[PDB]
């Protein structure tokens, strides 16, 4: 009954009202507007909350779910790549989790540039990519890891760990087990990198807008939100945070579409159930 169909129908009812409420109007002041006609959002109706936006020219948002601080974004457009790399380096990114699949990146129709697996130059920024480990996550899903080295004349050179999930388990107990394994890997990768910065006395440790994990799929609202939900449930600081609370917080801080599909919410419900974590606010 706490996790039964009645409770799930009530949770879905609240979250649907919230999505409808957050739907962008034309020139909505809640949302980042493109200036001059340059494409900002990769999808028209998947917009970027202005007050938590990381950069004026990116579809990317600071997200805090309970105590867990991240950045969720869309897969950068080709025109956004230099700005994207500057965000990653400025943030001192302890891990970048890419949940777009290999076959989606390869599909040129999608306009997803292969920016973390290839070396190249983007304006004055130079990027080197070195593949490191590969970690199985269950049911044949694989994470490819990379060290992404970002160089720019007169800027501190920054190296970003990358966790690339090459295919995705859309639904089921499989998705739930794999998500939990991915959350642990991403959080472990970030802790190792953050520890390095702390051991070198980096001032970035002081700034809570910095050292955040950066997560994106294609739109940054589906697979991305399912991962962020799992990571927040892995944080020992977030006891008694409800699934309602955590999805509502994601939606107010990025857009109403966070947790896009019923199958993604149901993974989050199952993880909460395994923890005895409440679904609803009382």
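Here the rigid core means the biggest group of C-alpha atoms that line up within 1.5 Å when the two forms are laid on top of each other. Residue numbers count along the first chain shown, from 1.
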item: Outlying stretch relative to shown form, 32 to 40 versus 222 to 230 in 4 other deposited structures of this protein, C-alpha RMS (core); value: 32 to 40
item: Mean C-alpha B-factor comparison - 164 to 172 and 194 to 202, higher one; value: 164 to 172
item: 265 to 273 versus 21 to 29 - which carries the larger mean C-alpha B factor in the record; value: 21 to 29
item: 80, 93, 119, 184, ranked by C-alpha B-factor: the highest one; value: 119
item: Of the residues 85, 110, 75, 146, the one carrying the largest Cα B-factor as recorded; value: 110
item: Residue 238 by Cα B-factor - lowest, middle or highest third of the modelled chain; value: middle
item: Modelled-residue ranking by C-alpha temperature factor, third containing residue 105; value: middle
item: Entry-reported Cα temperature factor of residue 222, expressed as the chain third it lands in; value: middle
item: Residue 67 - Cα temperature factor, lowest/middle/highest third of chain; value: middle
item: Third of the chain, ranked by Cα B-factor, where residue 46 sits; value: middle
